[PDB]
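There are 2 protein chains.
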Amino acid sequence: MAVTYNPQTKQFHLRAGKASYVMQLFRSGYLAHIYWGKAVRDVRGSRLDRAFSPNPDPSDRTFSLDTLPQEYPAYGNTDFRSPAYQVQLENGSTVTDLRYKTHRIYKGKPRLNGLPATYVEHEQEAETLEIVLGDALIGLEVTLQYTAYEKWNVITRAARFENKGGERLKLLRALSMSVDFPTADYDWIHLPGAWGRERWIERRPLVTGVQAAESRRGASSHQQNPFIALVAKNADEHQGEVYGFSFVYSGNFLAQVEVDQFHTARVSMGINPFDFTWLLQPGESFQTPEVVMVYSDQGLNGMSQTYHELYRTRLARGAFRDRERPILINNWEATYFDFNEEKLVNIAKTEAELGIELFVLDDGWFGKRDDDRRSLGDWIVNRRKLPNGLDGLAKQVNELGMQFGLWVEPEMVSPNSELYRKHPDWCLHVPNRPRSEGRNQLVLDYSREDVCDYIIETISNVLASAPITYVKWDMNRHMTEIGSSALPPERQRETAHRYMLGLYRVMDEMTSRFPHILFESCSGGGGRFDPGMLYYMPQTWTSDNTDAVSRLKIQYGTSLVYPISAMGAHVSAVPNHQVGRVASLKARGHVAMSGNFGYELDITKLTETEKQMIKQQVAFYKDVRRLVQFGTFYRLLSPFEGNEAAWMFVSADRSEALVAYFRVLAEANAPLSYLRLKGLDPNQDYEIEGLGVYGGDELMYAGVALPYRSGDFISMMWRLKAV
Amino acid sequence: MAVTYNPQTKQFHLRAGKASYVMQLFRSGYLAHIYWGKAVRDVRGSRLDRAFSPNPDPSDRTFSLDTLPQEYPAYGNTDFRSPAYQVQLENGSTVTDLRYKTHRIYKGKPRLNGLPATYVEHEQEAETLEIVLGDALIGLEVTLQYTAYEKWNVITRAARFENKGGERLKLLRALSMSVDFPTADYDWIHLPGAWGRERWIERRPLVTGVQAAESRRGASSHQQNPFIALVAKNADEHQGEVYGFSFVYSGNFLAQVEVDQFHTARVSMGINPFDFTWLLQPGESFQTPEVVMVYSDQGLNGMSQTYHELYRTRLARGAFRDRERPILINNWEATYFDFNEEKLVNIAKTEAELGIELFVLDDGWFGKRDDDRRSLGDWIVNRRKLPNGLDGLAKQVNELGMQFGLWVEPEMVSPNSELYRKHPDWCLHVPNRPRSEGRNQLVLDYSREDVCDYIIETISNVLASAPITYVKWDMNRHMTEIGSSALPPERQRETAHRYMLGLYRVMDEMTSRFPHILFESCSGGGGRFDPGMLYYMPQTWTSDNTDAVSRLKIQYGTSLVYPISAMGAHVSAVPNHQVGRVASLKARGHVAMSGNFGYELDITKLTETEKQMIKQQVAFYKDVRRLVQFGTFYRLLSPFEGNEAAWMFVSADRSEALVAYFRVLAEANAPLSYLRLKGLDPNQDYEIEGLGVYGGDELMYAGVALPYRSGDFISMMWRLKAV
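In order, the protein sequence lines correspond to chains A and B.
Here the first sequence stands for residues 1 to 45, 50 to 727, numbered as in UniProt numbering.
Here the second sequence stands for residues 1 to 45, 50 to 727, numbered as in UniProt numbering.
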């Protein structure tokens with residue numbers, strides 16, 4: 001929180017939790033990066053003169069922008085490294101020369117225009133530094149925005165551009181931050197994946213050159229999550245230096261590390277410059293989304309725990325932010341599309357009898373929507389299928405003791421829909437080109453006000469028509485032929501970002517209009533599982549893959565950044581679907597109860613003993629839900645490192661914990677296995693259900709001797725309680 | 001220190017410093033290993053039943069000795085793993101069946117018969133547990149001896165055998181300890197080397213099978229130091245679990261890790277069973293040397309710092325244990341053998357003028373000794389070369405202000421010596437076989453009382469003849485044709501160990517007879533640099549290789565176990581000898597001043613500017629000597645991991661430190677380098693000579709920006725002092 005500027009040293013010192021982030025003004029208004037790491041009281045701000057690194061000041065051959073470590077570097081006036089931003093002028097030049105002009109420090113944390121951002125509830129929680137840079141010749145101002153939190157090791161960064169000149173300025177690249185580390189002796193971690201296998205942890209040594217994760221899909225994507233980290237060579241889950249970079253944005257991104265000839269590592273992150281430009285007319289401004297930067301010297305768990313608390317309590321919003329989330333059941337595979345009102349209610353009684361709390365109605369309740377082909381965009385209740393509308397169904401579900409929820413997919417329109425026939429120009433498209441389809445549908449142009457107003461109107465008409473208290477908001481394709489008939493040629497490349505701004509406006513309006521609704525975002529599973537979406541909808545469908553073994557990796561990687569409260573995990577029926585696997589009902593429960601728990605099956609196909617297990621799972625999860633959704637989460641064993649996965653949840657006072665252990669392909673006649681715990685009070689004794697009493701110190705330093713077992717999938721869960 | 005036995009659980013809990021070591025009685029008197037690691041309040045003592057692991061008790065098929073983790077396992081009655089001991093009976097059987105009989109706990113730490121051992125100065129410093137095992141059938145008793153120190157994470161272990169039966173028992177193997185770890189998820193470290201390159205650190209993953217370091221040389225050896233460690237996969241110098249095993253013995257050793265089919269790691273260490281037996285007649289006993297076991301969760305530096313303090317203060321002995329050690333100069337290469345009294349004295353004035361404190365007289369002062377060929381064993385002053393004997397030379401050296409020291413090599417005899425002609429049977433030999441030579445000399449049979457008495461008499465005659473206050477005790481070959489004409493056939497294989505017992509008796513007598521003499525052991529450099537020798541002579545010549553670059557590795561590895569106070573390091577003249585290298589006088593000083601400092605050159609060949617550097621080095625080392633020899637030592641950068649080496653010494657109160665940095669083959673136009681320090685007070689500010697003032701926190705968390713330099717060998721040293 002404690003942000004200072006020392007006029008003698010011209011140094012900015014941002015103290016965030018137990019971390020320091022230090023910058024310093026250098027020569028004629030350059031802004032240098034000095035340090036970011038464990039908190040220091042002070043740090044004083050060599051060899052900037054290097055062969056083939058040229059001199060911006062002919063009178064001063066002591067430095068180059070090619071060697072000075074910076075906060076917001078440009079290319080073209082002596083730095084040859086990857087720039088944080090680039091601007092093209094009317095004369096075609098791309099040379100810009102920002103210098104420090106002034107700064108201000110204030111308590112609290114500002115909102116970002118049109119954008120999600122971490123926030124504070126009290127000014128005392130953080131302090132913000134704004135450093136105003138300017139290129140006087142062209143009238144370009146860039147304000148670097150920094151916030152340091154008191155309680156957490158969190159620095160947040162963004163940049164705001166403003167054209168204070170009399171000419172057009174075209175932003176070709178506008179990243180949210182850039183930081184030059186003094187060495188490149190780190191591994192990097194990022195989170196690549198695909199549909200059905202999101203956010204695998206990938207750790208790699210750095211190369212001398214560039215390495216990056218990005219999305220060009222108009223959505224943050226299944227393929228790369230907008231998160232990267234630099235980690236010390238020897239750092240692991242429990243110890244060591246880790247620097248995380250998390251982009252609070254749900255569209256295209258670039259997350260990059262470039263290592264230069266002097267083995268310094270430039271980390272940068274922001275809206276993907278690929279296929280992007282932004283035109284600033286005189287007087288216009290551009291605000292980047294923010295990047296949330298976390299430091300820990302307590303390994304990956306230390307970093308994750310920071311993100312979890314920050315994101316759960318100061319990014320997610322609304323009535324359910326700090327509330328236990330309902331155990332839900334999705335009633336899709338009960339019917340695919342095949343539905344009408346008579347079934348649904350008895351089904352709801354069966355589900356209610358098992359203790360399930362929320363009944364969700366899936367796709368095909370609307371219009372002529374009856375495969376992945378039709379009526380998207382026409383959001384009126386198909387009053388054949390539900391003649392009594394949503395109201396009659398919902399109210400009965402409520403009188404059964406369950407909440408009622410609904411699926412929507414408002415960003416899509418079917419070529420065969422009334423909306424498309426009335427307004428074909430309302431989809432993203434480019435002149436004279438075929439309109440490529442994903443799952444037989446097109447993308448609505450949310451860069452347009454009329455489109456957004458129409459969606460707000462139409463979805464509100466549905467949501468206010470029944471006592472709905474949960475909505476799953478799905479988006480099931482990525483953008484092609486990106487353009488808008490409502491933008492001029494010179495702004496066409498703003499389409500993807502304006503689309504996201506439009507979606508953000510729409511979601512902000514929808515969640516405000518319906519404060520009693522828990523919204524869960526979805527994009528073919530976890531295709532937009534990012535901090536930007538979390539600001540609008542406090543939980544997310546983690547993956548369409550609900551296979552127990554597959555979920556071990558998906559949940560483990562997702563937890564690197566995202567709080568368990570946001571991480572949807574459901575028990576589904578087997579034969580599994582994406583993969584093909586058979587694991588016990590017990591086992592799938594064990595994996596799913598390690599997330600935000602729910603069900604995704606046909607209850608009409610269950611044996612009494614199965615429903616009986618489900619009744620027990622539900623009762624069990626209710627007992628540990630506060631611990632799972634709000635406790636401190638520790639990863640113990642990594643499925644990316646072998647055949648085991650293990651993790652645990654610990655209460656704030658360390659008096660209670662829940663431990664989960666998994667092993668795949670356990671061999672015959674195998675060595676005994678052990679599990680060392682973390683996060684307990686070493687001087688406290690704990691009762692482990694079914695295993696007796698152990699010292700916290702015994703559990704952490706010697707570990708639990710795991711009951712010997714062998715088989716295709718071992719799954720164990722234990723509750724711990726201080727004696 | 002705090003050693004307890006719980007009669008309800010039958011558990012022994014040894015608390016040493018911040019570590020726990022736990023054992024438990026099991027079934028019919030078996031003794032199981034339970035735990036060794038970070039201290040716990042309690043730890044409770050699966051699947052011992054395994055295919056092809058047979059049952060010692062036919063009435064109880066729940067366990068095998070092949071699966072039970074043990075403290076002192078035997079082979080032959082169901083354990084198929086490597087045994088700690090083995091005994092052959094008169095009937096030719098090798099089956100023995102030790103079971104627990106009784107135990108005792110007492111304060112303090114016993115001496116070991118005939119052997120060096122760590123000790124206490126007050127009973128409160130440690131507590132000792134003796135567990136008495138017995139095989140009633142044969143009357144074999146084995147007492148397992150354990151000591152736990154209060155202040156340090158140190159458990160020491162040895163075993164004492166006694167034949168309480170009426171038959172002969174032949175010990176085929178008598179290791180000092182054995183411990184079964186529950187997993188093998190560790191790397192091991194050991195210290196292989198050769199003459200001129202001792203104690204390189206080698207870290208390797210474990211194999212499923214056996215891996216071991218050993219010596220068969222009758223001396224602990226240059227080739228393998230008697231030290232091994234198990235370290236966590238991610239452990240490094242600064243963090244992580246490390247288990248060290250250091251053998252307090254200077255002869256043959258085996259240090260072994262055997263990993264079995266269930267991936268448990270059995271670590272064992274003791275006198276090498278190879279070519280060894282020990283016959284116990286009825287009523288006879290055998291005491292093993294001890295193994296000093298250290299645990300740390302603070303990485304290799306934590307472990308080393310424990311050994312350094314333990315060994316410097318509670319293993320080394322005598323008047324100089326806690327005393328700053330003299331800056332010496334060896335006057336060999338001034339003359340090789342070419343000497344007489346006139347030179348020596350003026351030389352001593354020159355050396356005294358430079359501030360050097362101790363004048364040492366090397367080989368060839370005795371008999372007809374004038375190459376590596378003659379007169380060894382005839383220890384009378386060759387009163388041609390020194391007509392006024394040692395007394396006149398010594399007394400003049402003293403009046404010049406320097407102490408006087410001498411080289412001896414009492415374990416060797418030349419075939420061309422009077423001793424050999426009078427007593428040819430006094431060398432180690434076997435009947436009717438050629439007597440192999442190393443450097444033209446034979447090994448005296450120190451297993452013989454007459455030999456040992458003769459050496460004590462003869463060396464005492466020399467040492468009491470002059471005011472000598474330093475002796476270098478050298479041994480320049482290894483044993484071949486090991487045998488003694490004074491032992492019967494059935495005891496021939498006891499020769500190597502009895503030799504070492506003899507040497508130990510001789511050294512104990514010699515150091516007691518001459519309490520004003522600082523003794524330094526030597527064996528072609530660091531060929532017997534082990535804790536056994538340290539108990540007798542408080543410092544050791546680290547290596548014959550005095551090349552600055554070579555010494556980086558040798559000193560770094562030696563410091564893993566041995567205190568800097570014991571680690572001789574001298575500046576020598578260049579062209580270097582073993583290798584061929586040219587490094588600055590400054591550079592060689594920097595490496596040597598990081599040990600127990602001295603000189604090894606011809607002062608008659610020095611330029612005024614050189615002597616002037618030497619005068620300055622001497623003054624400098626005097627200023628930091630207490631810090632170097634007695635401060636806490638931290639390794640920072642490893643020459644086994646790249647081209648840098650770095651380390652530092654910190655005073656007990658953290659107010660002062662000395663930092664040293666080295667880099668070989670620094671490339672042109674290189675990245676800037678940094679050095680993070682350790683062991684300082686983060687809230688204190690420190691002045692670094694020549695670099696200004698820094699916070700302790702800045703120094704440790706951000707590090708020192710190293711003055712950019714490039715060249716073949718970079719060498720830097722800084723003094724730090726709290727402001």
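Quick reminder that beta carbons are idealized off the backbone N, C-alpha and C, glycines included.
Next item on the list: List the residues of chain B whose Cβ lies closer than 7 Å to the Cβ of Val40/A, in chain order.
Entry: Here residue 40/A refers to the residue found at position 40 when the first sequence is read from its first residue. Per Cβ cutoff of 7 Å: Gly699, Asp701, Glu702, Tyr705, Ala706.
Note to self: Let me check one thing: in DSSP terms, what residues is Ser86/A bridge-paired to?
What the structure shows: One-based indexing of the first sequence puts residue 86/A at position 82. Paired residue(s): none; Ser86/A is not in a bridge.
Next item on the list: Determine the contact status of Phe666/B and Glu648/B, defining contact as a CB-CB distance below 8 Å.
Entry: To locate residue 666/B, count along the second sequence from 1; it is residue 662. To locate residue 648/B, count along the second sequence from 1; it is residue 644. In contact: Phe666/B and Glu648/B (Cβ atoms closer than 8 Å).
Note to self: Taking the alpha carbon of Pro7/B as the reference point, which residue from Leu176/B, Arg108/B, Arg318/B, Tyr79/B has its own alpha carbon closest?
What the structure shows: Within the second sequence, numbered from 1, the residue matching residue 7/B stands at position 7. Answer by Cα proximity: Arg108/B.
Next item on the list: Evaluate the contact criterion for the stretch 78–85 of chain A versus the stretch 289–306 of chain A: three or more CB pairs, one atom per stretch, below 8 Å.
Entry: no
Item checked: Cβ separation of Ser469/B and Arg517/B, assumed to be a contact under 8 Å, to the nearest whole Å -> Position 465 of the second sequence holds residue 469/B. Position 513 of the second sequence holds residue 517/B. In fact, because the Cβ distance is near 13 Å, the residues do not count as touching under 8 Å.
Note to self: Counting only C-beta atoms, is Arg54/B closer than 8 Å to chain A at any point?
What the structure shows: Walking along the second sequence from the start, residue 54/B turns up at place 50. With 8 Å as the cut-off, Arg54/B counts as an interface residue toward chain A.
Check: Are the CB atoms of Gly602/A and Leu210/A nearer to each other than 8 Å?
Finding: Against the first sequence, residue 602/A aligns to sequence position 598. Against the first sequence, residue 210/A aligns to sequence position 206. No, Cβ-Cβ distance for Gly602/A and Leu210/A is not below 8 Å.
Notebook entry, point to check: Can you give the Cα-Cα distance for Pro186/B and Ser655/A, rounded to whole angstroms?
Noted result: For the purposes of this step, residue 186/B is identified with residue 182 of the second sequence, where counting begins at 1. For the purposes of this step, residue 655/A is identified with residue 651 of the first sequence, where counting begins at 1. The alpha-carbon atoms of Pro186/B and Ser655/A are separated by roughly 30 Å.
Note to self: If I measure Cβ to Cβ from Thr484/A and keep anything under 7 Å in the same chain, skipping five residues before and after, which residues do I get?
What the structure shows: Here residue 484/A corresponds to residue number 480 of the first sequence, with the count starting at 1. For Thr484/A, where only same-chain residues beyond five positions count, the Cβ hits under 7 Å are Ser440.
Item checked: Best match in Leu102/B, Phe67/B, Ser86/B for proximity to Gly29/B [C-alpha to C-alpha] -> Taking the first residue of the second sequence as 1, we reach residue 29/B at position 29. Among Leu102/B, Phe67/B, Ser86/B, the Cα nearest to that of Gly29/B is on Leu102/B.
Next item on the list: Please report how far the alpha carbon of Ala216/A lies from the alpha carbon of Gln228/A, in whole angstroms.
Entry: As a position in the first sequence, residue 216/A is number 212, starting the count at 1. As a position in the first sequence, residue 228/A is number 224, starting the count at 1. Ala216/A and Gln228/A: Cα-Cα distance of roughly 10 Å.
Next item on the list: Please say whether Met571/A and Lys590/A have beta carbons closer to each other than 8 Å?
Entry: What you label residue 590/A is simply residue 586 of the first sequence in a count that begins at 1. What you label residue 571/A is simply residue 567 of the first sequence in a count that begins at 1. For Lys590/A and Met571/A, no; Cβs fall outside 8 Å.
Checklist line | 8 Å Cβ cutoff, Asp240/B in contact with chain A | finding: Position 236 of the second sequence holds residue 240/B. Answer yes: the Cβ-Cβ gap between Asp240/B and chain A drops below 8 Å somewhere.
Check: Sorted by chain position, which residues of the same chain lie with C-beta nearer than 8 Å to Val401/B's C-beta, five sequence neighbours on each side aside?
Finding: Against the second sequence, residue 401/B aligns to sequence position 397. Excluding residues within five positions, the ones whose Cβ falls inside 8 Å are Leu348, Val349, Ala352, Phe363, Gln407, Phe408.
Item checked: Inter-residue Cα distance where the pair is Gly530/A and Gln149/A -> Residue 530/A sits at position 526 when you count from the first residue of the first sequence. Residue 149/A sits at position 145 when you count from the first residue of the first sequence. Each residue's alpha carbon lies about 30 Å from the other.
Margin query: Suppose you measure from the CA of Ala152/A to the CA of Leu93/A; what does that come to, to the nearest Å?
Written below: By 1-based counting over the first sequence, the position of residue 152/A is 148. By 1-based counting over the first sequence, the position of residue 93/A is 89. Their Cα atoms are separated by approximately 34 Å.
Check: Using a beta-carbon distance below 8 Å, is residue 46/B in contact with chain A?
Finding: A gap in chain B, from 45 straight to 50, means residue 46/B has no coordinates in the model shown.
Next item on the list: Could you have a look at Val583/A and say whether DSSP puts it in helix, strand or coil?
Entry: Within the first sequence, the letter at position 579 stands for residue 583/A. Reduced to three states, the DSSP call for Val583/A is coil.
Note to self: Buried or exposed for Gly715/A, going by 16 or more other Cβ atoms inside 10 Å?
What the structure shows: Indexing the first sequence from 1 puts residue 715/A at position 711. When all chains shown are included, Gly715/A counts as exposed.
Next item on the list: Have a look at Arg592/B and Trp651/B and give me their C-alpha separation to the nearest angstrom.
Entry: Position 588 of the second sequence holds residue 592/B. Position 647 of the second sequence holds residue 651/B. So the alpha carbons of these two residues sit roughly 15 Å apart.
Notebook entry, point to check: Quick one: is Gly602/B near chain A, going by C-beta distance under 8 Å?
Noted result: As a position in the second sequence, residue 602/B is number 598, starting the count at 1. So no, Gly602/B is outside the interface.
Note to self: Using a Cβ-Cβ cutoff of 7 Å, what residues of the stretch 249–266 of chain B are near chain A? List them in chain order.
What the structure shows: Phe266
Check: What are the start and end residues of each continuous beta strand (DSSP E) run of 3 or more residues lying completely inside the stretch 454–504 of chain A, in chain order?
Finding: 474–478
Check: From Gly255/B to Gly222/B, what does the alpha carbon distance come to, in whole angstroms?
Finding: Here residue 255/B is taken as the residue at index 251 of the second sequence, counted from 1. Here residue 222/B is taken as the residue at index 218 of the second sequence, counted from 1. Between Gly255/B and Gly222/B, the C-alpha separation is close to 5 Å.
Notebook entry, point to check: Just reading off the beta strand (DSSP E) that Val668/B is part of, what are its end residues?
Noted result: Counted from its first residue, the second sequence places residue 668/B at position 664. That run of the beta strand (DSSP E) goes 660–670.
Margin query: For the stretch 222–247 of chain A, list every residue whose C-beta sits within 7 Å of some C-beta in chain B, in sequence order.
Written below: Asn238, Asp240, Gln243
Item checked: Own chain, CB closer than 6 Å to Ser489/B, minus 5 neighbours either side, in chain order -> Walking along the second sequence from the start, residue 489/B turns up at place 485. If we look at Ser489/B and ignore the five residues flanking it on each side, its Cβ neighbours are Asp429.
Checklist line | Close Cβ partners of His226/A (< 6 Å) along its chain, the five nearest in sequence each way excluded | finding: What you label residue 226/A is simply residue 222 of the first sequence in a count that begins at 1. Result list for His226/A: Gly197, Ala198, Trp199, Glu202, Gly531, in chain order.
Item checked: Top-ranked residue by Cα proximity to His594/B, from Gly303/B, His574/B, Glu604/B -> The count along the second sequence starts at 1 and reaches residue 594/B at position 590. When each option's Cα is compared against that of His594/B, the closest is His574/B.
Notebook entry, point to check: If we ignore side chains and look at the alpha-carbon of each, how far apart do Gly244/A and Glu691/B end up?
Noted result: Against the first sequence, residue 244/A aligns to sequence position 240. Against the second sequence, residue 691/B aligns to sequence position 687. Their Cα atoms are separated by approximately 28 Å.
Notebook entry, point to check: For the stretch 180–212 of chain B, which residues have a beta carbon sitting closer than 7 Å to at least one beta carbon of chain A?
Noted result: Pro186, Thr187
Check: Listing by chain order, which chain B residues have their CB less than 9 Å from the CB of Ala726/A?
Finding: Within the first sequence, numbered from 1, the residue matching residue 726/A stands at position 722. Ordered by position in chain B, no residue passes the 9 Å Cβ test against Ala726/A, which lies about 14 Å from the chain.
Notebook entry, point to check: If we ignore side chains and look at the alpha-carbon of each, how far apart do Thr608/A and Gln302/B end up?
Noted result: What you label residue 608/A is simply residue 604 of the first sequence in a count that begins at 1. What you label residue 302/B is simply residue 298 of the second sequence in a count that begins at 1. Those two C-alpha atoms are separated by around 57 Å.
Margin query: By the 7 Å beta-carbon criterion, what residues does the UniProt domain "Glycosyl hydrolase family 36 C-terminal" (648–724) of chain A contribute toward chain C?
Written below: You won't find chain C in this structure, because its protein chains are A and B.
Next item on the list: Under the assumption that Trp722/B contacts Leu695/B (Cβ atoms under 8 Å), give the Cβ distance between them as a whole number of angstroms.
Entry: If you number the second sequence from 1, residue 722/B lands on position 718. If you number the second sequence from 1, residue 695/B lands on position 691. Confirmed, Cβ separation roughly 7 Å.
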